[PDB]
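In structure tokens, one chain follows: the form deposited in one PDB entry.
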């Protein structure tokens, strides 16, 4: 198996994790299980704590930065790690029992269980024009040395790292999302009927989207061309609320539909951050420089749910449009964008792999 790790500036403390992206379903959220490597001597009476903060920040580009103009803590979890507190004691994963047995006795566990209905790691990076500042919700894991809880944490023997809460939806049976509209122009009751659908409700980053477009033209006009698009919507709803709208995929085609005939076709779009990187105002599931970053996924929420508490609400839509030689006739279908997903361990850094940038 493979596990990531990171050490404190003075290598006296070292965190060990088997993932840096925790997959949350709806029922449950993969548990955040890791262990610390301590130097009992180095810290006399001092202790080892590990905390999981979940918060929304606005202004800077991360929680640890001291230039953000707003912050709301959405979750916090502290655990007395070194001095094993019989109180704060749990069952233990296997990657743990495994790890502890390779690190020794100075190996100590900790485990965090993230409530199912908390927002997922989402970051919205403002453009050049946009008057808003960056913001997002991040999960910070911090293990540190101190006697009491409160003493002053020092960047010296403390370690910090951002993990990720990614959303996965299993794809159900349901009907394909449909949308239709009829249009009658000036001086005639002859209609132009549009109707589209997507092959399914749930998609995953990188997974293609198929659009079945059917056009019934009883009109005496002509459909010049057809434009298919996939837009993203981001509603920052906390410090300084605003709504960002951004296209993540377009596919215009010179398809023609003659007077009194029926048209039919299947288009394929692929929303990919790669072909949008140089864009801004959109929401991502991380920072741009990181390679393992995608487009922010659809914010889920159902019945009596607090919307502000989620930070940034994200949604997607596919728009179909016919340019008729005017007023185009169009429809739109909403979809959900989700996330995919005798050993030997072998530690590896925690830092997220980078891009290519000049």
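Each form is matched to the other, and the largest set of C-alpha atoms that superpose within 1.5 Å is called the rigid core. Numbering follows the first chain given and starts at 1.
One more form of this protein should be noted, the form deposited in another entry, which is absent from this view; the next part is about it.
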After superposing on the rigid core, which residue out of 113, 199, 180, 97 has its C-alpha displaced by 2 Å or more between the shown form and the other one? 180
Is the C-alpha displacement of residue 63 equal to or greater than 2 Å between the shown form and the other one once the rigid core has been superposed? yes
Superposed on the rigid core, does the Cα of residue 243 end up 2 angstroms or more away between the shown form and the other one? no
If we fit on the core, is the Cα of residue 132 displaced 2 Å or more between the shown form and the other one? yes
Direction of C-alpha distance change in the other entry, residue 160 to residue 132 (at least 3 Å): closer
Explain in one word, closer or farther, how the Cα atoms of residue 135 and residue 131 are placed in the other entry relative to this form, where the distance changes by 3 Å or more. closer
